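Peer 1: structure for this input, please:
(9 chains, ligands or ions: 12)
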Amino acid sequence: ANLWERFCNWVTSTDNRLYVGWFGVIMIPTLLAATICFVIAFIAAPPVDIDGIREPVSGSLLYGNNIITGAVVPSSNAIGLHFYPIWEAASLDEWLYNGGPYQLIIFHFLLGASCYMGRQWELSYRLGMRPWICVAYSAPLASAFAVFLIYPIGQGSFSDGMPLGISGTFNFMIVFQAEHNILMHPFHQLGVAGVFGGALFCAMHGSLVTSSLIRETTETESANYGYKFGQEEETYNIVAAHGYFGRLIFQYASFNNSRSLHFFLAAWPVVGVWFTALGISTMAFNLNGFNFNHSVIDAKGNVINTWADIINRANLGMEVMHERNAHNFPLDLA
Amino acid sequence: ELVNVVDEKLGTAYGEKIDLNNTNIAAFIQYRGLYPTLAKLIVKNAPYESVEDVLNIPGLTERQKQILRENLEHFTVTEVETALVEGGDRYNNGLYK
Amino acid sequence: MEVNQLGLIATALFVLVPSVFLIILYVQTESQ
Amino acid sequence: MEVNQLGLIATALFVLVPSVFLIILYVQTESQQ
Amino acid sequence: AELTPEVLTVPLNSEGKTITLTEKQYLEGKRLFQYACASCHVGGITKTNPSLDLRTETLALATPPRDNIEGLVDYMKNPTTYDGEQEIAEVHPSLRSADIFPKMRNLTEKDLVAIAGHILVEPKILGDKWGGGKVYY
Amino acid sequence: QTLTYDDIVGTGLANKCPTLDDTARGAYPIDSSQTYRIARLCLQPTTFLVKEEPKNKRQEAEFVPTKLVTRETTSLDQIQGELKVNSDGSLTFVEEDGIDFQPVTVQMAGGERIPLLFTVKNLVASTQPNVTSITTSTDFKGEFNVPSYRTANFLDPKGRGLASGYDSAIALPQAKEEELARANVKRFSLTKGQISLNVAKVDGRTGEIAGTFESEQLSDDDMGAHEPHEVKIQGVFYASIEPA
Amino acid sequence: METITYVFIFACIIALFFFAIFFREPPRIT
Amino acid sequence: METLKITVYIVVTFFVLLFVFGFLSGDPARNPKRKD
Amino acid sequence: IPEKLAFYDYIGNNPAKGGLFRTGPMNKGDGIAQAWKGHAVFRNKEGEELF
Ligand code: CLA
Ligand code: CLA
Ligand code: CLA
Ligand code: CLA
Ligand SMILES: CC(C)=CCC/C(C)=C\CC/C(C)=C/CC/C(C)=C/CC/C(C)=C/CC/C(C)=C\CC/C(C)=C/CC/C(C)=C\CC/C(C)=C/CC1=CC(=O)C(C)=C(C)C1=O
Ligand SMILES: CCCCCCCCCCCCCCCCCC(=O)OC[C@H](CO[C@@H]1O[C@H](CO)[C@H](O)[C@H](O)[C@H]1O)OC(=O)CCCCCCCCCCCCCCCCC
Ligand SMILES: CCCCCCCCCCCCCCCC(=O)OC[C@H](CO[C@@H]1O[C@H](CS(=O)(=O)O)[C@@H](O)[C@H](O)[C@H]1O)OC(=O)CCCCCCCCCCCCCCC
Ligand code: HEC
Ligand SMILES: CC1=C(/C=C/C(C)=C/C=C/C(C)=C/C=C/C=C(C)/C=C/C=C(C)/C=C/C2=C(C)CCCC2(C)C)C(C)(C)CCC1
Ligand code: OEX
Ligand SMILES: [Cl-]
Ligand SMILES: [Cl-]
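Peer 2: Numbering: from 1, shown residues only, chains lettered A, B, ... in the order given. Ligands and ions are numbered 1, 2, ... in the order given. Please find the structure below.
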């Protein structure tokens, strides 16, 4: 054992309170940089000219935001997709005005989070586990890539990336509806199905295992004290929960293989969230939601509005008001 | 003391007629014959003291002065408003459809 | 920013009162 | 009256902080018994 | 309501002589107006020059006037500016410029009359929606 | 030399006016029977200075330097106009057209951003009388117009504008309007600035001149909402002079 | 004052992270 | 700023090298069952 | 006379003019100094200068 090997063993040690890992050797610095830049910027960054029209948007607390309205504001549209590291600016004052912190944070963050995924694989290998938790995390990771990288690439600017704020996130959702009619896109409908049903099945599983917990405590103590960490036996009667739940609907609508039951819980929301991340990724290239505007017309040819035309009226309200000083020509093509 | 100069102008002849000193060039589509040739000439030769100085534009043709007389009743001149003529707003005022 | 004066006292007690409850309950659990 | 607005948060914490300290110490004394 | 001959009656020339189209032609002109004109003219606006719509009242103050089928077939053969003072076949598809605007090659005089019929009928049906743009969608 | 966009793209040189050797100290003969024109005039600012503003004390306002934050986007170029010979021998430049304005934001100590419309719109600059030739001691002085930094369609964060926009503070339905007038009522400023151009290099061969300039003008006033700052711009210019 | 409040509460949460991880109840194999 | 550029260049490079070399240092054997 | 020297000659900057519960900056009290108004000379109807 020499210097390199002692280090290699520390890095991949399964005795560290927090696993490090080769993926962690990248994740730790990139996440730290992003987290420190994000916190300073959120509190103190001065206004950022997000839309490139010399009209700065104040995102930080010290400049009169609160927790809900504050943000790290995306980098200037004048920058488009150009790389804007600190060293490319003439002064930090220039880097701040033009929104450099958003580039630094998102790049370090996306790098950091891709290696988090990798680190989940890595530790599972050292622990003797099956490897695929990192596959589940890939649904939220891709989702984040979609709003922070892909959608900017398709539209040619990080100025149309998702802002790092609570209200900025809403701005981003609203403008998206106007430009892509995302509600009418099947992949986002799959993501709603992803998350409603993931919440639905999460209550169902909690409610059902909780229902069939085996008495092991008295009325005064928490029932939680009837499980002991590491115990070999199960704390609940799955036969009984299948018996409740098979009758609630019918016998075959109900799982009786615990393995089949948990793979279903993993698979449902992960798939759904893959699809909505893909929906954001593809609407990045302007393949938008179904367009049924004026799809119904009468014998003479008058337009017979459906609910889709009513959506489109709201969409148009979003369209004409958003970024109200930034368009000189009549189509908003990116 | 603080007034919107554009609202003020709406209460003038500008609000009823084509102000040859102010109105964006697309308002000349309203009347047969004017657009785009004469409107460009009208706009280029800039401001006028009187509506009828438009007939003295150098190089007009006889067909053109006749069209212009046919429409003197649709024109007016008021003072030039910096806010309507700056930024090239007489050629493109941000309005499309 | 012209914010609410009572907002500070409402926020502070909102944190302080329920937190102290939990702290009282936890420390006397430990000492028995 | 034109009284100072932090008078109130000052008074409330002056009361609550040391009161809670003592309550914490007393309660966990009694559950030692 | 339905599609009637009173609706399908449109000016044939500026002297007043009308012609009365049929269901089959109006649909042909909508289908050909799509193929040929909707890219810039969808809904009766003009995307590459919003100041100029296909509203029947705009085609009236055109020089030469255009609110009749002959006037329109002529525009589609040899188009001009609104005042008539210039020919714009170089930047506006027409039979004249069918070499640079291929979609115009395979059209016949009956096709052009279908397309004008459509244009002159469509505002009878939709009114202000035709040539209004997004306010009216 | 023949330089191409690809040689230049991305370097910062697109924002720089041409220069001449230190041997371009000739003299261009000006010929009264002739008409002349500036085929290109190019101004490249190098420093933006912004007048301080004392307290009540009427002490002293110095021009403090500023930090440019809007990058290499500041130069006026491609400007053309008639160089008239006048009867008192002087030369007068009357601008016609060009990229004669660039909006600019500089920062002051403390964090205040000062935007301004760096411009020479409708420039009319004249030399001294009886100028037979442009030498490396020839000066122009002139005045230009400075239109409002934003034009009439510009809408403020609450949707208010001059030619468009809400005419009131809609989020405060029943506030007293009196206290909000300066902000509810956009006004479009139009002002004048002064500029000295000092020819320091001449190429009589080609009729190329180059020197430095100094201009004074007002900053953005935000369509009437606050007072402008006095701003002083220094840089270099280059002009080619063709017979017209 | 409201800036200070937002940041104080943020900072309290970060300290809570530190203790919840490093001074957790250790899980025991019983 | 040039000083910053170079410091980040050197930093990133060094970490990037840990990651590669680390995985090359017989990472498939670093597991609790088959040391191979 | 520099205004900075005249401002020292003013009891409002005397640290012994305060109070225990009068909180905050001195500016919260007499206000933010903007200008020296001038040095003031009193005379009676006789032309005698008074102090
Ligand atoms: C795991 C470590 C890690 C990683 C992967 C990154 C990654 C990045 N940083 Mg961050 N950074 C880190 C740690 C890290 N950082 C730390 C610890 C700090 C604090 C000091 C920072 C501070 C920081 C700042 C202040 C900035 C970045 C920026 C960036 C981005 C571009 C960096 C670049 O051009 O390098 C290029 C990398 C290479 C050329 C190395 C490639 C690897 C090959 C294999 C070798 C190449 C040899 C190389 C050229 C020789 C260099 C020496 C030579 C000059 C003598 C990228 C997201 C910039 C940014 O976000 O802009 C938007 C930026 O402004 N970083
Ligand atoms: C009145 C109740 C109601 C019902 C029945 C639905 C139903 C639906 N909504 Mg809506 N939704 C509701 C209220 C409701 N919604 C409300 C109050 C809001 C907020 C205003 C929304 C907002 C919303 C959005 C934004 C979207 C939907 C979508 C959907 C679809 C997916 C549902 C899903 O995955 O849920 C999770 C539940 C499950 C996965 C369980 C299975 C659900 C199915 C539908 C029931 C089983 C049917 C069964 C085969 C029939 C019995 C046959 C028998 C022989 C066994 C579905 C058509 C999405 C959509 O448009 O899809 C078209 C979509 O994008 N919902
Ligand atoms: C009932 C209404 C309803 C419902 C249920 C949904 C549901 C959803 N929408 Mg839709 N939306 C709606 C209405 C609705 N929407 C309306 C009305 C509009 C129009 C105004 C839209 C417009 C819209 C847009 C434009 C987008 C959505 C998206 C989404 C998704 C959000 C969750 C997500 O991305 O998870 C995925 C998970 C993540 C993004 C999290 C990633 C986490 C990273 C990897 C780690 C984070 C670490 C963190 C920083 C630190 C944590 C550590 C710390 C705690 C210590 C989801 C499928 C988004 C989508 O599909 O994105 C892909 C999207 O971009 N919506
Ligand atoms: C050596 C300590 C020290 C000193 C000399 C100062 C001095 C100053 N501070 Mg700082 N400050 C300090 C510590 C200190 N500070 C600390 C520790 C904090 C964090 C709490 C602050 C936070 C702070 C803020 C947030 C602000 C100041 C400001 C000020 C100025 C106004 C002070 C004022 O009005 O006080 C008034 C003094 C009192 C009201 C006296 C309080 C003492 C009471 C009467 C006693 C308490 C009761 C006690 C229990 C007695 C019974 C006990 C018995 C049983 C034995 C002044 C220059 C202010 C300023 O002008 O900002 C620029 C301002 O806004 N300070
Ligand atoms: C006048 C009149 C008519 C009155 C007379 C009435 C009367 C008394 C006479 C008889 C009436 C008669 C029977 C006629 C019927 C008429 C008729 C059909 C009525 C209409 C009813 C109808 C519309 C119902 C639709 C059915 C419906 C609501 C749901 C079906 C959808 C469905 C199958 C989805 C459930 C999804 C599913 C299978 C499970 C996933 C959930 C999940 C992950 C749970 C987690 C989980 C599962 C487990 O499994 C176990 C184990 C554990 C641990 C666990 O975590
Ligand atoms: C082991 C854990 C350790 C964690 C420690 C946390 C790290 C803390 C991060 C803070 C680092 C930022 C400091 C930047 C120094 C500013 C100097 C300066 O003059 O600029 C400060 C200002 C920035 O801008 C001005 O900042 C002011 C702060 O009050 C005001 O807010 C003004 O309004 C704002 O405009 O700009 C300048 O004056 C200089 C122009 C640029 C020339 C500086 C070259 C150095 C480039 C900085 C690169 C930072 C890299 C940080 C990574 C280090 C982490 C190991
Ligand atoms: C005709 C048109 C053109 C062609 C189109 C082709 C369509 C057919 C494609 C078929 C797809 C293949 C099946 C899927 C894989 C599978 O079978 O899993 C294998 C397991 C094994 O089941 C288990 O099987 C076990 C035995 S064994 O392992 O299968 O051998 C048994 O022990 C256990 O009890 C039992 O549950 O399946 C499950 O556990 C059963 C529950 C059903 C869930 C599986 C599907 C995944 C759900 C995602 C839904 C996405 C929603 C997105 C959000 C809106
Ligand atoms: C499909 C064959 C058609 C038909 C039938 C028409 N257009 Fe166009 N159009 C375009 C532009 C820029 C103009 C304005 C031209 C100008 O005067 O500068 C027009 C104008 C017309 C008119 C005149 C309408 C009027 O109000 O007078 C008419 C009758 C007309 N068009 C018919 C642009 C385009 C295109 C962009 C490439 C396309 C394609 C077409 N037009 C297609 C057609
Ligand atoms: C060695 C090692 C390690 C460690 C490492 C680490 C731990 C790192 C760290 C890192 C770090 C620690 C980093 C940092 C970064 C940061 C940054 C980069 C920041 C930035 C900032 C800035 C840039 C800002 C600015 C501003 C704003 C925003 C506003 C206001 C003003 C100012 C100017 C301040 C490990 C374990 C892996 C293993 C291997 C080896
Ligand atoms: O930046 Mn942000 O937002 Ca997507 O389109 Mn174009 O751009 Mn702007 O407009 Mn709509
Ligand atoms: Cl917006
Ligand atoms: Cl645009």
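Peer 1: near ligand 6 at all, the helix or strand hosting residue A:112?
Peer 2: Using DSSP states H and E, residue A:112 sits within helix A:100-127. No - figure legend: helix A:100-127 not in contact with ligand 6 (C-beta under 6 Å from any ligand atom); closest approach 9.5 Å. Placement of C-beta: from N, CA and C, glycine included.
Peer 1: quick one: buried residues of that helix?
Peer 2: A:100-123, A:125 (16 or more other C-beta atoms under 10 Å in any protein chain shown).
Peer 1: C-terminal to that helix, what's the next element?
Peer 2: helix A:133-145.
Peer 1: mind listing what the residue most central in space within chain B touches?
Peer 2: Centre of chain B computed as the mean C-alpha position; nearest residue by C-alpha atoms, centre = their mean is residue B:20, 2.5 Å away. By C-beta atoms under 8 Å, 6 or more residues apart in numbering or on different chains, the residues touching residue B:20 are B:42, B:47, B:48, B:51, B:54, B:75, B:76, B:77.
Peer 1: relative to residue A:29, which of these is nearest.
Peer 2: residue B:47 (65.5 Å; C-beta to C-beta).
Peer 1: tell me who's in contact with residue F:94.
Peer 2: F:81, F:82, F:84, F:123, F:124.
Peer 1: for chain D, what's its nearest residue on chain I.
Peer 2: Closest to chain D within chain I is residue I:23: 7.1 Å, counting by C-beta to the nearest C-beta.
Peer 1: count of residues packed around residue 24?
Peer 2: I went with chain A, as the question did not name one. Using other C-beta atoms under 10 Å in any protein chain shown, residue A:24 has 23 other residues around it.
Peer 1: not what I meant, chain C
Peer 2: Neighbours around residue C:24, by other C-beta under 10 Å: 17.
Peer 1: that one - that's part of a helix, no?
Peer 2: Yes - looking at residue C:24 with DSSP: H, G, I helix; E, B strand; the rest coil, it is inside a helix.
Peer 1: which strand is the longest one in chain F?
Peer 2: Ranked by residue count under DSSP state E, the longest strand found in chain F is strand F:36-51.
Peer 1: direction included, what does it pair up with?
Peer 2: Strand pairing for strand F:36-51, determined by DSSP bridges: strand F:63-65 (antiparallel), strand F:76-85 (antiparallel), strand F:230-243 (antiparallel).
Peer 1: put the alpha carbons of the last one into CSV.
Peer 2: Extracted in CSV, the C-alpha atoms of strand F:230-243 (Å, rounded to 0.1, in the frame of the first residue of the first chain):
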residue,chain,number,x,y,z
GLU,F,230,-24.5,65.0,-17.0
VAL,F,231,-22.2,62.7,-18.9
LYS,F,232,-18.8,63.2,-20.6
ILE,F,233,-17.6,60.8,-23.2
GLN,F,234,-14.1,60.6,-24.5
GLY,F,235,-12.8,58.5,-27.3
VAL,F,236,-11.3,58.4,-30.8
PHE,F,237,-12.8,58.9,-34.2
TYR,F,238,-11.9,58.0,-37.8
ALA,F,239,-13.4,59.5,-41.0
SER,F,240,-12.8,59.0,-44.7
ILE,F,241,-13.5,62.1,-46.9
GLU,F,242,-14.4,61.5,-50.5
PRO,F,243,-15.2,64.1,-53.1
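Peer 1: chain A: strands as residue ranges?
Peer 2: With DSSP E as the criterion, chain A has strands spanning A:71-72, A:164-165.
Peer 1: all helices of chain H, in order?
Peer 2: Secondary structure of chain H (DSSP state H): helices at H:2-24.
Peer 1: and what of chain I?
Peer 2: Here chain I has its helices, by DSSP H, at I:3-8, I:27-30.
Peer 1: of these, which is nearest residue E:75?
Peer 2: It's helix I:27-30; of the helices of chain I, that one is closest to residue E:75 (C-beta to C-beta) at 76.5 Å.
Peer 1: for that closest one, output the C-alpha coordinates as CSV.
Peer 2: Output in CSV follows, covering the C-alpha atoms of helix I:27-30 (Å, rounded to 0.1, in the frame of the first residue of the first chain):
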residue,chain,number,x,y,z
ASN,I,27,-29.1,61.3,12.6
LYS,I,28,-32.4,60.0,14.0
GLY,I,29,-32.4,63.1,16.3
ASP,I,30,-31.4,66.4,14.9
